Colleague: 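I have a structure I would like to understand better, so I am pasting it below and will then ask my questions one at a time.
In what follows, chains are A, B, ... by sequence order, proteins preceding strands, each numbered from 1. Heavy-atom basis, side chains included; hydrogens, waters and symmetry copies ignored.
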Amino acid sequence: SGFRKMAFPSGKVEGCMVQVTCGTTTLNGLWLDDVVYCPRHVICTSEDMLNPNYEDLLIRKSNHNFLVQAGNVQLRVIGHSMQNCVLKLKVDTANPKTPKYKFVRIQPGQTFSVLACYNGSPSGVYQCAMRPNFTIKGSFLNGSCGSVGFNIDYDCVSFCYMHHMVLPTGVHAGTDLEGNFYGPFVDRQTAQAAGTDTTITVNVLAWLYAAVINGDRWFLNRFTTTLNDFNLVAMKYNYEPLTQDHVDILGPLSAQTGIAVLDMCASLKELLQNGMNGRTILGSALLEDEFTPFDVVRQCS
Amino acid sequence: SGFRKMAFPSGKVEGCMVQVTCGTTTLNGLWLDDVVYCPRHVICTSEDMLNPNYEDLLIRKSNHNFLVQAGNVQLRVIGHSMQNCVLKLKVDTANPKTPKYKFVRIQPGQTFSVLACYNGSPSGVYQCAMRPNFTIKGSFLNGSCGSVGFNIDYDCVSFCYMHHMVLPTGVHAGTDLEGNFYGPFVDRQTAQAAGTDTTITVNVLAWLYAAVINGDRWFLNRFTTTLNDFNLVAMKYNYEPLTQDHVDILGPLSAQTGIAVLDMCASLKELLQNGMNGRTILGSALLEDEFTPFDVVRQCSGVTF
Ligand SMILES: *[C@H](O)[C@H](C[C@@H]1CCNC1=O)NC(=O)[C@H](CC(C)C)NC(=O)OCc1ccccc1
Ligand SMILES: *[C@H](O)[C@H](C[C@@H]1CCNC1=O)NC(=O)[C@H](CC(C)C)NC(=O)OCc1ccccc1
């Protein structure tokens, strides 16, 4: 039984991580079929990081300026182009370990696993979530750029994040695998900051349902609420507003437990009002918001 | 920047997981060289699990009673043996994905990654600590038995755990890969209780060091304590004793942050007697104790495998 933050097994992604070097800059690349994807700022210099002109910098490159190492093997680059903030390096060998995969852009509240890598080698795997302010709370050091976030439902890897930068509060920003940033950020070192972050309300509700499924009922009550009254209260605690779409998505969990979604919304209002009074819920003394409805069902069933 | 509960990359282990079926029972096996390891209770049936005679059950089994499936391939079992609570199945072909590895037995308070599996198929990875009462706080459903726990060192996988059962409180119990149980548990279908658990003091201190390294500094204070002074208060709060080896282990972190271990113990002493007074540490309202000192050093310096 039990309930834990769980990442996807990382092996499918480990077989795709390579090292990419251009000049003095090394980061990680993602080798799928005969294309290596990585953040375009690997072509920057140290004088050209406030206002890089990427199209100008790329034109001055040849294939042989890019050193791509897969394990102890140099891959030969035969082409290069830029798609948004992602560089695509064509190589002369399709990766034999390429899994079934697709590229997907996720919405705020969505979770995914991150394979943190340095110098093309994996360091560790963890779980996290796209925050409402389009950042993620990762664990990343110098040289982590090009690490990716992913889901594996079925035997297919969905790549949804590539790492590009750290913001002044210590949270992180990056792109989908088509190189479009999440949020308003840009890949230069001009002043940028995360907007105020909020709690992912539908995820907290999912996690309360997970608590009921595992046998906890101490936080329930006999009250219900309207959707509108719930959001008026919730937003006073910096919670994201709950939409009718979120209510629908909670239907299965609602049905499994016999607790209406608006009844569970009433429990949450009380928890925000009272705190936990020294109790814990699923091993936590805070309300957890990085489990989706879909994660809860997958881990409980 | 940032700090997360982090597992080892699981790829080397994923290549070893297979499905093992005996009669009506199906669970996971670990395929290394030409031997599959899995829990011995795979040979039980309904009536048997109440009080099994595993030797008697095993002698009645032939090789062909064991269906081992590795992805889409059936593996031919040519031998079967038992070591403690682990069944070993010799197969006719070595696993070409066998990594460098060894079997190790860990100590309570040490951490490892679990690869939860169902029908030989990896489905999730998470980081666990062996608790002082020899349970682990895992997440496992029917069919999870045979999932394994491990650490990585350079390129060597150190297998330390194989999953066998769940206890009434929802925590879990298993064996090392030589089939010796962790904790005072037996592999039969009976409710068994774990002892009262305690907090892993040296890991709490490691995590406070990770907090400081990430700029979370409000719990620091001007005071220090002594081992004997601190331990007297640790006992009171169901905290493991802090030994002299624990202090030395924390040396690197202590010298990296400028906070001597006994300075940090004074901070932890206060957190125990006074609580956190509405504040959090690394996003937690509780004192986290499932990061060892090595875990904090590895994550904060970017060690790779
Ligand atoms: C690529 O590996 C790197 C990742 C940052 C570095 C430290 N931790 C991370 O997650 N990206 C950059 O250094 C990035 C490049 C720009 C062209 C976007 N700049 C960046 O993140 O600057 C802020 C910063 C850099 C170094 C230390 C602290 C903050
Ligand atoms: C092996 O896959 C299984 C793991 C349990 C199943 C539920 N969650 C787990 O971690 N082990 C057992 O079921 C175990 C087998 C004995 C022969 C040692 N027995 C056990 O403790 O089962 C408790 C249970 C009760 C009701 C439903 C499911 C399990």
Colleague: Around atom CZ of B:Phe181, are there more than 12 heavy atoms of other residues, nucleotides or ligands at under 6.0 Å?
Modeller: yes
Colleague: Mind checking the OG-CG spacing from B:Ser1 to A:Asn142? Nearest 0.5 Å is all I need.
Modeller: 8.5 Å
Colleague: Counting only N and O atoms by type, is there a donor-acceptor contact under 3.5 Å from the side chain of B:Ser10 to the main-chain atoms of A:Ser10?
Modeller: yes
Colleague: Tell me which of these, A:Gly170, A:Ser121, A:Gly2, A:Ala7, has more heavy-atom pairs under 4.5 Å with chain B than the rest.
Modeller: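 Maximum pair count with chain B is reached by A:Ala7.
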Colleague: So what's closer than 4.5 Å to chain A heavy atoms on B:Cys300: side chain, backbone, both or neither?
Modeller: backbone
Colleague: Is there side-chain contact between B:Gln299 and A:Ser123, with at least one heavy-atom pair below 4.5 Å?
Modeller: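 With C-beta onward as the side chain, the pair stays apart.
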Colleague: Can a donor-acceptor pair be found, under 3.5 Å and without considering hydrogens, that links the side chain of A:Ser139 to the backbone of B:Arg4?
Modeller: no
Colleague: Kindly indicate whether the side chain of B:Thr304, heavy atoms from C-beta on, has any atom under 4.5 Å from the side chain of A:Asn119.
Modeller: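 The answer is no, as the side chains (C-beta and beyond) never meet within the 4.5 Å cut-off.
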Colleague: What part of A:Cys300 is in contact with chain B, defined as an atom under 4.5 angstrom from a non-hydrogen atom: side chain, backbone, both or neither?
Modeller: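 For A:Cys300, backbone heavy atoms alone lie under 4.5 Å from chain B.
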Colleague: Quick one: of B:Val166, B:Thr169, B:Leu141, who has the most non-hydrogen atom pairs under 4.5 Å with chain A?
Modeller: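 When all of B:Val166, B:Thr169, B:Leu141 are compared, B:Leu141 has the most.
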Colleague: Before accepting this row, confirm whether a basic side-chain N of the pair A:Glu290/B:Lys5 lies closer than 4.0 Å to the acidic partner's carboxylate O.
Modeller: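 No salt bridge links A:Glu290 with B:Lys5.
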Colleague: What part of A:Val125 gets closer than 4.5 Å to chain B, counting heavy atoms only: side chain, backbone, both or neither?
Modeller: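 Contact with chain B: backbone and side chain both.
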Colleague: Supply the atom-to-atom distance A:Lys137 NZ to B:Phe3 CZ, rounded to the nearest 0.5 angstrom.
Modeller: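 Reported value, rounded in 0.5 Å steps: 14.0 Å.
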Colleague: Which atoms of B:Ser113 come close to chain A, meaning under 4.5 Å heavy atom to heavy atom: side chain ones, backbone ones, both, or neither?
Modeller: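 Contact with chain A involves no heavy atom of B:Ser113 at all.
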Colleague: Below 4.5 Å from any heavy atom of chain B, which atoms of A:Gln299 appear? Answer side chain, backbone, both or neither.
Modeller: both
